[PDB]
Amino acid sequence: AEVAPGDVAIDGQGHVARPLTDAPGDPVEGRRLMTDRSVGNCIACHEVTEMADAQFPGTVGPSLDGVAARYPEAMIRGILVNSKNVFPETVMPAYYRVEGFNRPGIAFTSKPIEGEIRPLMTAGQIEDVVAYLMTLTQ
């Protein structure tokens, strides 16, 4: 049972204390999803050293080493729901938004989205990635 994009409860620091799904998040799958450019495409901006097989991580975002020792779960999930709530004017994409874009296209096809905008990541995929991020206590 998911919490849809528009229904997420987000406090004044951008945090989301409630999981987007009841499906507990799979750290393993999470790991995977962050390297897939089709989904999260995280290591384009982020290093994760624990992802030793990573291969050419970007340096646009800070290294994600130890992010579970500095931010609580609810802030980490907030960052994935809508990074802008936590980091105003951030270049980090908003991964569970579906409104307010400017010329959004279907993937990298260049064609306009007609109809429902889907989130960059599903509830499951976000929960999977957060589950993972929470293992980075270093």
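In this text, residue numbers run from 1 along the sequence as written.
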query: Other entries lacking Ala54, at least a third; finding: yes
query: Comparing 23-31 with 63-71, the one whose average Cα B-factor in the PDB entry is higher; finding: 23-31
query: Stretch exceeding the other in mean C-alpha B-factor - 39-47, 100-108; finding: 39-47
query: Residue with highest C-alpha B-factor in the PDB entry, from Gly124, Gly14, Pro119, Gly115; finding: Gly115
query: Chain-wide C-alpha B factor ranking for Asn82, given as lowest, middle or highest third; finding: lowest
